[PDB]
């Protein structure tokens, strides 16, 4: 089971406007490996990337032994033509269920001051920060490096999807923000990569 072809085109209007952006989208895969049941979960900013991404996804291809439901990706667009497609985890809410995920208030303590936003319980800290237009560090986006490291000051997180931290570090409050969901209101100090690996 794996992706074969997942091309995304860069919308010329975004390029022209000098807009960076982000789409999170859910889809199913058929036993033939084609993509259907596509639903945009979020698009930042709105009306620039979503429609084009859905069009592109019609031509995606996977290899699979059976249909697969409720896949989710993040599609990030940055300056100078950069696009990346990152796999995330589907939830009841991503699949299109009735009602809204519980959401919690995230307080980030950043080198340039504090910021606060809502984060659904099925969205990673990083993603919700990006949706609020905050620029947090990252590189792998796969819970497998130090880039997105922060320190949890209060509250509780689910970091089941991370892997670069050991037991000890999690217990000491370390967080990989690309792979962590809030399960309460939380306060996280960001930009702590260098402190993590020291």
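Positions refer to the first chain, counted from 1.
Of the two segments, 91-99 and 72-80, the one listed with the higher mean B-factor is 91-99 (C-alpha atoms only). Look at the C-alpha B-factors of 31-39 and of 136-144. On average they run higher in 31-39. When the C-alpha B factors of 46, 168, 130, 161 are read from the deposited coordinates, the top value falls at 46.
In the PDB entry, a CA B factor belonging to the highest third of its chain's modelled residues is recorded for residue 17. The PDB entry assigns residue 157 a C-alpha temperature factor belonging to the lowest third of its chain's modelled residues. Annotation for residue 3: C-alpha temperature factor in the middle third relative to the rest of the modelled chain, per the entry. Ranked by C-alpha B-factor against the other modelled residues of its chain, residue 180 falls in the lowest third. The entry lists a Cα temperature factor for residue 115 that places it in the highest third of the chain's modelled residues.
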